[PDB]
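Student: Please find one structure pasted underneath; my questions will follow.
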Amino acid sequence: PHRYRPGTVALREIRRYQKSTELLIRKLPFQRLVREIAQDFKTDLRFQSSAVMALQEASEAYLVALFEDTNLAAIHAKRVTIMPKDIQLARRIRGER
Amino acid sequence: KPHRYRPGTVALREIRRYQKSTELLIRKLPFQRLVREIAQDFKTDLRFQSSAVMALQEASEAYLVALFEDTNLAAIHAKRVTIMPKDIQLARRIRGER
Amino acid sequence: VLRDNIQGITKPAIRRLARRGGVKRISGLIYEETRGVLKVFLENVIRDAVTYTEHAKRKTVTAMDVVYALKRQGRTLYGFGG
Amino acid sequence: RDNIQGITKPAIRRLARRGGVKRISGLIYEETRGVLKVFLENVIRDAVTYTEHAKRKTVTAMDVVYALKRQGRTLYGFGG
Amino acid sequence: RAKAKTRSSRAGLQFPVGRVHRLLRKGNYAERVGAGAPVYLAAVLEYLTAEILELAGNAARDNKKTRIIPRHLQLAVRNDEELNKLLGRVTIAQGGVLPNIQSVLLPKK
Amino acid sequence: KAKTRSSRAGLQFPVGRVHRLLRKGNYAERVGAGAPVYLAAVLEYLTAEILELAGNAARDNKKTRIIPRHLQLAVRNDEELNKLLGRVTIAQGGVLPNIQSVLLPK
Amino acid sequence: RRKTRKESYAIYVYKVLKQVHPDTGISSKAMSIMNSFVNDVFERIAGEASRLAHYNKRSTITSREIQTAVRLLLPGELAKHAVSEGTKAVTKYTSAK
Amino acid sequence: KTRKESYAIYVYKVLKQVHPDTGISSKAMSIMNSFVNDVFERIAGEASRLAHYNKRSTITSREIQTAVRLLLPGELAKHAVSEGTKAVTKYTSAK
DNA sequence: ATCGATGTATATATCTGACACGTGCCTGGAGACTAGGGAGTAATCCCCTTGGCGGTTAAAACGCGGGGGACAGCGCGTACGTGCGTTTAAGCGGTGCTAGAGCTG
DNA sequence: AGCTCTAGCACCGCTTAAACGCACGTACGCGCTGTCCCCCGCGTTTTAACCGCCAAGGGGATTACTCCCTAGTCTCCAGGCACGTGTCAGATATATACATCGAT
């Protein structure tokens with residue numbers, strides 16, 4: 001049986017998910033998550049499909065930017081693996097935490 | 001013998017002194033000359049209000065200090081104490097200024 | 001009442017979203033951290049969008065209200081009007 | 001010119017002390033001067049642009065405060 | 001004509017509702033300004049300055065001065081993380097910074 | 001005969017609609033005659049370079065219809081529009097295929 | 001000669017300071033910082049009010065526009081406090097003339 | 001109302017004037033509309049603020065030229081100012 | 001060096017549903033005119049900036065020991081990528097159905 | 001307030017890619033160490049930032065005057081926008097040749 005060296009499939013799927021541009025989180029879990037978040041501020045709210053597409057696009061853009069930031073902060077510490085402390089460092093530098 | 005402080009405690013007292021103080025740590029005359037120099041690249045023979053110079057000095061000092069907490073957290077994050085220029089580059093890169 | 005779908009953003013979804021971010025190796029306990037970040041970001045933007053929705057005397061959240069909710073927070077969004 | 005070096009080594013040291021920085025590398029200072037020059041050229045560009053609007057050739061503090069307000073760093077203490 | 005009393009007395013506020021209304025007109029944000037909008041606005045501005053004056057008085061109590069100094073304003077903004085979120089992109093003239101030290105930057109015994 | 005203001009200014013973008021939007025936007029009580037002309041010219045210019053870059057990106061992808069991915073590549077490849085549009089994200093735009101040098105295999 | 005009149009909120013914030021700390025004074029530079037702060041807050045809140053007027057195709061700004069803009073830009077706790085205090089002030093205004 | 005103000009056929013005219021054989025998706029056209037509206041609001045608001053700056057009540061070409069200079073960076077600002085002044089001179093020639 | 005899987009670039013054929021294109025029509029833009037005030041110009045004018053001057057001391061510059069912190073090296077072991085079998089549910093189209101934007105007045 | 005209708009929600013059955021748990025190996029994080037440099041500490045040197053002061057002057061500010069440019073009003077029309085049509089750009093099918101990874 002054949003098994004790849006661990007480290008090349010990661011780069012291959014980096015290429016795959018940077019070349020493509022489709023929706024990347026599943027639609028229905030994001031539906032449900034927005035429904036629980038919105039029900040705190042006001043119960044029995046209705047959502048346009050374009051509204052939750054807008055929330056999803058904002059989520060992907062924000063988290064891809066944050067993943068850029070935590071990648072470059074992780075390799076700042078000579079690490080190829082991202083730590084959560086990289087994420088708090090990035091959010092602290094950006095000024096939102 | 002005369003008392004010579006260990007490396008790392010007069011740094012503590014200077015950090016504490018400059019953190020409790022609010023006076024401008026960049027001198028007035030070199031900064032105003034530098035502002036006059038930089039403004040020559042956009043419009044020649046410009047005059048400057050003094051309050052404009054102090055406003056520029058306030059903003060520049062605040063931006064550089066905030067960059068210094070950013071680069072200090074950068075240096076602390078790399079399991080280090082000394083700030084490298086890569087820490088400053090990281091701080092300006094994450095902030096979106098580069 | 002909908003409940004506990006932060007597990008809905010599953011582990012390979014976060015994996016793909018980090019690979020688009022250019023990662024090589026994922027910490028096994030970073031998933032909860034990214035989930036909390038997404039909670040605070042979506043809570044802020046949904047709070048702003050709902051407060052826009054309440055001013056219009058409407059009870060449905062509009063992508064238009066969402067767009068201005070996003071661009072008040074410093075991040076403009078294109079593709080849904082302006 | 002040479003005047004960018006007029007922001008002397010003790011000045012960057014004092015700003016790093018106010019920022020709570022322990023150990024400053026010797027080649028930090030040139031990069032700090034360059035970052036200051038970038039920030040000053042942006043802010044001075046906007047300030048003298050507001051100045052050349054009013055058909056005045058002196059940059060007032062009000063020009064500086066709205067120039068800083070433009071990039072997203074509001075400064076208090078000089079007027080609004 | 002009746003006795004001249006200001007709109008702030010009607011609203012029970014210290015900020016002038018009339019000056020807020022006049023700056024809404026001269027500021028030209030909309031051509032139609034409601035009657036209660038400058039009242040609500042002067043109320044909100046009065047509450048905000050009252051909260052920051054509470055925090056500045058507390059900062060003076062922790063520092064023991066009887067005059068409010070811009071250092072006290074800057075500290076009053078920073079210590080309240082809620083007000084810090086209000087003024088995250090704001091720099092105060094001769095304000096200084098919070099005295100803080102990182103965890104690993106402290107020496108270890 | 002009625003001649004449109006766009007042909008008077010030599011532009012495809014309107015002077016009439018821009019002037020109407022400036023008046024109904026309540027930016028100022030008065031708007032000068034040349035200000036909507038100048039604004040239409042500036043919007044025409046920005047659209048000209050962004051569509052040039054989008055067409056170049058579509059040609060690089062061997063595509064003849066502009067996809068939002070091509071718009072994202074056009075705005076992100078050019079640093080001159082990057083700091084102009086770093087405030088904004090693009091729906092269905094994706095990200096640049098950027099990998100850091102440390103992440104690369106030895 | 002004639003002098004252009006400078007418009008400031010200095011005496012009013014002095015009055016509220018005497019209301020909350022009758023023994024405490026304030027320096028003129030801190031006075032200018034407070035005046036600039038309240039001017040900046042006024043600018044952003046009235047900009048958001050004129051916005052929310054433009055959002056839902058309405059030509060005027062009521063107290064509801066100010067309340068919504070307060071709930072937008074002010075973070076949570078002092079947003080609820082400002083909403084309650086402004087509601088109290090506008091009910092005092094409507095109960096009076 | 002049902003009359004939606006947009007720039008779709010106008011941006012299509014611009015694209016035809018640039019690339020006559022190139023199509024464009026409707027999503028890309030919507031992003032184009034949002035982009036031109038955002039730039040419209042940014043320049044208009046900057047011009048209105050800069051009119052309120054030195055107590056001028058109207059907006060002339062000087063306001064919006066300086067707003068282009070302030071808002072966009074160097075080469076974009078210079079070429080946009082050149083194009084705007086060209087269009088302004090073309091208007092003043094044609095009255 | 002070397003072979004094979006494996007993703008990638010390059011030619012032709014078939015299908016569709018999104019976009020190019022045509023038609024129609026109305027509502028906003030263009031045209032015309034007029035008032036009248038904002039913008040512009042000219043005349044003062046004084047203050048605020050520039051510049052010079054001494055002096056002088058705080059401060060920058062400088063040298064230099066030294067130590068401690070950066071950094072390279074090595075070991076390690078476990079955290080985690082990778083792959084396979086199983087299983088869960090997202091997605092899909094369809095169907096229903098009314099709350100509520102949307103509009104008019 | 002009344003009316004419209006539409007799109008939002010709700011549900012169902014289905015398919016199957018995705019998620020899931022799983023076992024397994026090794027690459028990478030990290031502790032620990034060696035070195036050594038180079039940054040910190042401080043007296044000495046020296047220079048220039050700073051202060052106080054005085055002249056200038058001109059430039060922003062302020063006035064008064066003017067006019068012309070833009071809002072406003074009005075009519076007119078065609079340009080710009082739902083609708084329909086329609087047909088092809090993009091997807092997927094195939095064969096065909098090439099660079100890349102991994103075990104050898």
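Ordering of the structure tokens sets the chain letters (A, B, ...), residue numbers begin anew at 1 in every chain, and ligands are numbered from 1 in the order given.
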Would you pick out the contacts of residue A:2 at 12 Å or less, using only C-alpha atoms (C1' of nucleotides), so that residues sharing its chain but fewer than 4 positions from it are not included, and give the list as a VMD selection string?

Tutor: (chain I and resid 4 to 5 82 to 83) or (chain J and resid 101 to 103)

Student: Just write the chosen residues, C-alpha atoms (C1' of nucleotides), as a PDB file, in the first residue's frame.

Tutor:
ATOM      1  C1'  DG I   4       4.949   4.742 -11.534  1.00  0.00           C
ATOM      2  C1'  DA I   5       0.940   7.113  -9.734  1.00  0.00           C
ATOM      3  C1'  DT I  82      -2.950  10.547   6.652  1.00  0.00           C
ATOM      4  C1'  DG I  83      -5.574   6.790   5.311  1.00  0.00           C
TER       5       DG I  83
ATOM      6  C1'  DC J 101       5.851  13.016  -5.213  1.00  0.00           C
ATOM      7  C1'  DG J 102       7.353   8.644  -3.012  1.00  0.00           C
ATOM      8  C1'  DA J 103       9.156   4.223  -2.616  1.00  0.00           C
TER       9       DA J 103
END

Student: Might you pull out every residue within 9 Å of stretch 64-77 of chain D, with only C-alpha atoms (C1' of nucleotides) counted and same-chain residues fewer than 6 positions away left off, and present them as a PyMOL selection string?

Tutor: (chain B and resi 52-53+55-56+58-59+63) or (chain D and resi 43-50) or (chain E and resi 88-94) or (chain G and resi 29-37+40) or (chain H and resi 70-71)

Student: Find the residues in chain E near chain B: any atom within 8 Å counts, using only C-alpha atoms. Write them as an mmCIF file with N, CA and C atoms, in the first residue's frame.

Tutor:
data_model
loop_
_atom_site.group_PDB
_atom_site.id
_atom_site.type_symbol
_atom_site.label_atom_id
_atom_site.label_comp_id
_atom_site.auth_asym_id
_atom_site.auth_seq_id
_atom_site.Cartn_x
_atom_site.Cartn_y
_atom_site.Cartn_z
ATOM 1 N N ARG E 71 -3.959 63.187 31.918
ATOM 2 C CA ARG E 71 -3.553 61.844 32.314
ATOM 3 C C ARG E 71 -4.715 61.087 32.944
ATOM 4 N N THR E 91 -6.564 59.124 20.286
ATOM 5 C CA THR E 91 -5.383 59.474 21.058
ATOM 6 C C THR E 91 -5.623 60.780 21.802
ATOM 7 N N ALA E 93 -4.139 64.048 23.919
ATOM 8 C CA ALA E 93 -2.941 64.871 24.018
ATOM 9 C C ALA E 93 -2.374 64.825 25.430
ATOM 10 N N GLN E 94 -1.049 64.641 25.516
ATOM 11 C CA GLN E 94 -0.275 64.367 26.743
ATOM 12 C C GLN E 94 -1.023 63.447 27.709
ATOM 13 N N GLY E 95 -1.484 62.320 27.175
ATOM 14 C CA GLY E 95 -2.249 61.381 27.966
ATOM 15 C C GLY E 95 -1.421 60.269 28.573
ATOM 16 N N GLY E 96 -0.339 59.884 27.911
ATOM 17 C CA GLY E 96 0.428 58.749 28.375
ATOM 18 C C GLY E 96 -0.275 57.441 28.058
ATOM 19 N N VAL E 97 0.172 56.382 28.733
ATOM 20 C CA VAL E 97 -0.348 55.040 28.513
ATOM 21 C C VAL E 97 -0.530 54.381 29.879
ATOM 22 N N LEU E 98 -1.316 53.306 29.902
ATOM 23 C CA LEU E 98 -1.458 52.497 31.105
ATOM 24 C C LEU E 98 -0.120 51.877 31.492
ATOM 25 N N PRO E 99 0.248 51.887 32.768
ATOM 26 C CA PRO E 99 1.433 51.136 33.191
ATOM 27 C C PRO E 99 1.165 49.641 33.223
ATOM 28 N N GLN E 102 4.359 42.729 30.763
ATOM 29 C CA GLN E 102 4.008 41.388 30.315
ATOM 30 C C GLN E 102 4.409 40.339 31.352
ATOM 31 N N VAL E 104 5.830 37.116 31.055
ATOM 32 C CA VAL E 104 7.149 36.497 30.983
ATOM 33 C C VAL E 104 8.250 37.553 31.017
ATOM 34 N N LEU E 105 7.913 38.816 30.744
ATOM 35 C CA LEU E 105 8.881 39.899 30.867
ATOM 36 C C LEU E 105 9.275 40.152 32.317
#

Student: Any chance you could list, as a ChimeraX atom specification, the residues in chain F that come up helix (DSSP H, G or I) when DSSP is run on the backbone?

Tutor: /F:5-9,16-24,34-60,68-77,79-82

Student: Under the rule that only C-alpha atoms are counted, which of G:86, G:25, G:76, G:47 is the nearest residue to chain H?

Tutor: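 Once distances to chain H are computed over only C-alpha atoms, the minimum belongs to G:47.
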
Student: Please report as JSON lines every residue of chain E lying within 12 Å of chain A, along with the nearest atom pair and their distance in Å (one decimal), using only C-alpha atoms.

Tutor:
{"residue": "E:81", "atom": "CA", "partner": "A:97", "partner_atom": "CA", "distance": 9.9}
{"residue": "E:82", "atom": "CA", "partner": "A:97", "partner_atom": "CA", "distance": 11.6}
{"residue": "E:84", "atom": "CA", "partner": "A:97", "partner_atom": "CA", "distance": 10.6}
{"residue": "E:85", "atom": "CA", "partner": "A:96", "partner_atom": "CA", "distance": 8.5}
{"residue": "E:86", "atom": "CA", "partner": "A:96", "partner_atom": "CA", "distance": 11.7}
{"residue": "E:87", "atom": "CA", "partner": "A:95", "partner_atom": "CA", "distance": 11.6}
{"residue": "E:88", "atom": "CA", "partner": "A:95", "partner_atom": "CA", "distance": 7.8}
{"residue": "E:89", "atom": "CA", "partner": "A:95", "partner_atom": "CA", "distance": 9.1}

Student: By how many Å are atom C1' of residue J:98 and atom CA of residue A:12 apart?

Tutor: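 Atom-to-atom, atom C1' of residue J:98 and atom CA of residue A:12 are spaced 18.1 Å apart.
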
Student: Near chain H, meaning an atom within 10 Å, which residues of chain I appear when counting only C-alpha atoms (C1' of nucleotides)? Write them as a list in words.

Tutor: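 Every residue meeting the condition is included here: residues 18, 19, 20, 27, 38, 39, 102 and 103 of chain I.
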
Student: At most 7 Å is the cut-off: for each residue in chain A with any atom that close to an atom of chain B, write down the nearest atom pair and the distance in Å rounded to one decimal, counting only C-alpha atoms, chain first then increasing number, as a Markdown table.

Tutor:
| residue | atom | partner | partner_atom | distance |
| --- | --- | --- | --- | --- |
| A:69 | CA | B:94 | CA | 5.8 |
| A:73 | CA | B:90 | CA | 7.0 |
| A:76 | CA | B:78 | CA | 6.9 |
| A:77 | CA | B:78 | CA | 4.6 |
| A:90 | CA | B:94 | CA | 6.6 |
| A:93 | CA | B:70 | CA | 5.7 |
| A:94 | CA | B:95 | CA | 5.0 |

Student: Can you work out which residues from chain E touch chain G at a cut-off of 6 Å (counting only C-alpha atoms) and hand them back as an MDAnalysis selection string?

Tutor: chainID E and resid 10:11 15 29:30 32:34 36:37 40 43:44 66:68 70
